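Undergrad: Here's a structure for you.
There are 2 protein chains.
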Amino acid sequence: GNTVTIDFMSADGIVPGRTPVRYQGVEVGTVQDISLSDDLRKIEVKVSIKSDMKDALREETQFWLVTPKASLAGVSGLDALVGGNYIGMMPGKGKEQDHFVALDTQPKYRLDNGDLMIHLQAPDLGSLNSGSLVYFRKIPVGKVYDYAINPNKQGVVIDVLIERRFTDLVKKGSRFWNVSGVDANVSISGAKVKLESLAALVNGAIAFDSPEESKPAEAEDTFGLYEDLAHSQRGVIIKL
Amino acid sequence: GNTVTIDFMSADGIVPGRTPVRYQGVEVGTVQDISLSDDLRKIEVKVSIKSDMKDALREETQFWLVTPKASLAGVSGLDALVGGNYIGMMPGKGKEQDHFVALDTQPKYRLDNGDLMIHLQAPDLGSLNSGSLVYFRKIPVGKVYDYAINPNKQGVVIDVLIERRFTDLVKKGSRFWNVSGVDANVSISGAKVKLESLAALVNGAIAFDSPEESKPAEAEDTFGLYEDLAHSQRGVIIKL
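Protein chains in written order, with the deposited numbering: chain F, 46 to 285; chain E, 46 to 285.
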C-alpha cells in the first residue's frame, strides 16, 4: 500500500489503474498515480507496493519499463492485441529509499538458477530480435537474452540464455550460426527453393553445434556468430 | 479448497485468479496465490484443489507448466489470442505430501487407452513442432507427442501417438517420411510447382506407409524418419 515516487522519462504506455510492477515474473505492485515535474520534465509515478517488497526496497532498487517485444502485431499497428507494458524491478542493498530514477534498459542477468549466459560477438545484429530462439537441431533450447554494442564500435555483443537441462550441450568447440530470414537459389536443371523454419523467418534464429570432444563451455564464454551454416563449416584454411 | 505450496521457477503466464490446474483434461484446481521465496528465487504458488484429488495428492505428484503450443499467433506476438497456459499434473504413489517442485517438462506418456506410442530416430527435429500431425494418405491418424535428445548427442528421438482405431495401420515394415515445409522445382519445358497440404507448411507433418505383409508393430518400436518421400523409397541398395 506504500507509494513510491519514481521519475520515469515518458509515460507512453503507463496506465494509472492497470499498469503492474512485476518482480521477476510475479506482479508485486500496481501503478496508482502519475503526475509530472515540469522541472526537467520528470514523469513522477506513485505505485502501491506490497509489504513483502517494502523491506528490500532500497537505494539500489532498479526500475525499468518493459515494453512488449516487437513482432508482426507491433509493427502492423495492431497495438490493441499486443499486450500491456509493465515495470521490471531488481532490488539492491543500498539504503532504504523512497525515490528512484528509471533505468533505460533491462540490467544484466544475475539469476543463479543453473541456466547459462554466453556471449556471441557479431559484426551486426542481423535479423535477431530480443527473444529470438536458439536451436540445437531445430529443437529450441534457449533464447536471445539481450544485445548491445561493445565499447569499440567495431562489434555487436549478444548475450543469450540456455536452459538448465541443455547446459551440457554447449562445449568449448561449439559453433553458432545465424538462421534468420529466407534465401532462395535458382540452380541449373532445377531451382531447389525450400522453406523449413517459419518462426526463424518471422523473428530470427540461431542454431548451434556440439562437438563430442571439447570440454563443456561455461560462464559467459565468448563465441563467434557465423553468418551462415556454410560459413560455420569446420574445414582447414589454406592460403593461396 | 486445500492449498498446496508448489515452488515454480518463473511466474510468467500464471494468473492468481484464472490459471487452472488440469488433471489430464479435467480442470481440477485453480491457482489462488503467488508469493516468492527470495531464497533461491522460488516462486511459491498456492492452489485450491478439490477433495477428490486430495486423496491421491502424494509425494510423486508431478506438476509442470503447460504453455500453449507455438503457432503463427505465438510467433507474431498476438499473445491475447493464443490462450492461457495451465498446470498439468500426474500423481504418484509416494507419500501424502503438501509441497512439490515443478517439472520442467511434460513426463512420459503412461495412459493405457489402447493408443500407440512409437519412437522415431532422426538426425534432427526438422520442421516438426509438438502437436504436428501424422498422416496415412493425408488422413490424420495421430500427432507428435514429444521430442527429445537421446543421451548420445548424435540423434533426436521423437515419440509420436497413434489413435486407437488406427493402431492396426502401423506394421513392422512401416516407413515414416517427413512432409514439412514447401520445396519448389524448375524443370525443363515446364516447372511443376504445386502445393497440397497447407497445415504441413504451417506446422509440419509426418506421413507413413503400411506394407501389407509385416506383423503389426507395437509398444515403442523404434523407426527411422526419412527426410523425404523419395528417400523412403523401397528399392535395393547396389554398391558401385
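In this text, a Cβ means the ideal position worked out from N, Cα and C, and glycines have one as well.
Is any beta-carbon of chain E found at less than 8 Å from that of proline 61 (chain F)?
TA: no
Undergrad: Going along chain F in order, which residues have a C-beta closer than 7 Å to the C-beta of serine 232 (chain E)?
TA: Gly235
Undergrad: Tell me, please, which residues DSSP counts as bridged to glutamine 107 (chain F).
TA: F:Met135
Undergrad: Of all Cβ atoms in chain F, is any one closer than 8 Å to the Cβ of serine 55 (chain E)?
TA: yes
Undergrad: Reducing DSSP to helix, strand and coil, say where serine 96 (chain F) ends up.
TA: helix
Undergrad: Between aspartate 149 (chain E) and chain F, is the shortest Cβ-Cβ distance under 8 Å, so that the two count as touching?
TA: yes
Undergrad: Jot down the residue ranges of each uninterrupted alpha helix (DSSP H) in the region 231 to 260 of chain F, minimum 4 residues, whole runs only, in chain order.
TA: 243 to 248
Undergrad: Can you tell which of F:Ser172, F:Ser255, F:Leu170 and F:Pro152 has its C-alpha closest to the C-alpha of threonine 212 (chain F)?
TA: F:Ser255
Undergrad: Assuming the contact rule is C-beta atoms closer than 8 Å, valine 73 (chain E) and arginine 67 (chain E) should be a hit. Round their C-beta distance to whole Å, please.
TA: 6 Å
Undergrad: Applying a beta-carbon distance threshold of less than 9 Å, which residues of chain E neighbour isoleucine 184 (chain F)?
TA: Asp169, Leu170, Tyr192, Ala193, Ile194 and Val201
Undergrad: Excluding the 5 residues flanking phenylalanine 253 (chain E) on each side, which residues of the same chain have their C-beta closer than 7 Å to its C-beta?
TA: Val179, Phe181, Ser219, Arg220 and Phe221
Undergrad: Please list the residues of the region 121 to 133 of chain F that have a C-beta atom closer than 7 Å to any C-beta atom in chain E, keeping them in chain order.
TA: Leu126, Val127 and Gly128
Undergrad: Rounded to whole angstroms, how far is the Cβ of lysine 260 (chain E) from the Cβ of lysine 217 (chain E), which I believe are closer than 8 Å?
TA: 5 Å
Undergrad: Per DSSP, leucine 81 (chain F) is paired with what?
TA: F:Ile88
Undergrad: Quick check: what's the CA-CA separation for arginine 155 (chain F) versus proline 113 (chain E)?
TA: The alpha-carbon atoms of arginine 155 (chain F) and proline 113 (chain E) are separated by roughly 28 Å.
Undergrad: On the premise that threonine 50 (chain F) lies in contact with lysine 91 (chain F), defined as a C-beta separation below 8 Å, what is that separation, rounded to the nearest angstrom?
TA: 6 Å
Undergrad: Would you call the region 197 to 207 of chain E in contact with the region 232 to 240 of chain E, where contact means no fewer than 3 C-beta pairs closer than 8 Å?
TA: no
Undergrad: Rounded to whole angstroms, what is the Cα-Cα separation between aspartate 149 (chain E) and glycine 70 (chain F)?
TA: 16 Å
Undergrad: Quick one: measure Cβ to Cβ for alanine 262 (chain F) and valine 215 (chain F), integer angstroms, because I've assumed they're closer than 8 Å.
TA: 5 Å
Undergrad: Chain E partners of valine 247 (chain F), CB-CB under 7 Å?
TA: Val120 and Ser121
Undergrad: Tell me, to the nearest whole angstrom, how far the beta carbon of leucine 274 (chain E) is from that of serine 225 (chain E); I am working on the premise that it is less than 8 Å.
TA: The Cβ separation is near 12 Å, so there is no contact.
Undergrad: Over the uninterrupted alpha helix (DSSP H) stretch that includes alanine 167 (chain E), give me the two end residues.
TA: For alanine 167 (chain E), there is no enclosing alpha helix (DSSP H); the residue is found in the beta strand (DSSP E) stretching over 161 to 167.
Undergrad: Along the chain, where does the alpha helix (DSSP H) that runs through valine 60 (chain E) open and close?
TA: Here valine 60 (chain E) belongs to no alpha helix (DSSP H), and DSSP marks it neither H nor E.
Undergrad: Under 7 Å Cβ-Cβ, which residues of chain F neighbour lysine 140 (chain E)?
TA: Residues of chain F passing the Cβ test: none, with the nearest at roughly 26 Å.
Undergrad: In angstroms, rounded to a whole number, what distance separates the CA positions of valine 201 (chain F) and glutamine 278 (chain E)?
TA: One C-alpha to the other measures close to 47 Å.
Undergrad: Determine, using beta-carbon pairs with one atom in the region 116 to 131 of chain F and one in the region 111 to 131 of chain E, whether at least three such pairs fall under 8 Å.
TA: yes
Undergrad: Can you give me the start and stop residues for the alpha helix (DSSP H) that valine 120 (chain F) sits inside?
TA: 117 to 120
Undergrad: Quick one, which of F:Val146, F:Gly171, F:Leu240 and F:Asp228 has its alpha-carbon nearest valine 227 (chain E)'s?
TA: Answer by Cα proximity: F:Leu240.
Undergrad: Relative to the alpha-carbon of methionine 135 (chain F), which residue among E:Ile59, E:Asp83, E:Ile184 and E:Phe268 has its alpha-carbon at the smallest distance?
TA: E:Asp83
Undergrad: In the DSSP assignment, the beta strand (DSSP E) including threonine 267 (chain F) goes from what residue to what residue?
TA: 267 to 271
Undergrad: Provide the residue span of the beta strand (DSSP E) that contains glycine 187 (chain E), from first to last.
TA: Unbroken beta strand (DSSP E) run through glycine 187 (chain E): 184 to 193.
Undergrad: Mind checking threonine 64 (chain F): buried by the 16 CB within 10 Å criterion, or exposed?
TA: buried
Undergrad: What number of angstroms, rounded off, separates the C-alpha of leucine 285 (chain F) from the C-alpha of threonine 267 (chain F)?
TA: 30 Å
Undergrad: Taking 8 Å as the cut-off, decide whether the C-beta atoms of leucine 170 (chain E) and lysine 188 (chain F) are in contact.
TA: Cβ distance not < 8 Å, so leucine 170 (chain E) and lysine 188 (chain F) don't count as in contact.
Undergrad: Beta carbons nearer than 9 Å to chain C: which residues of the region 61 to 84 of chain E have them?
TA: Considering every chain present, this structure includes no chain C. Its protein chains are F and E.
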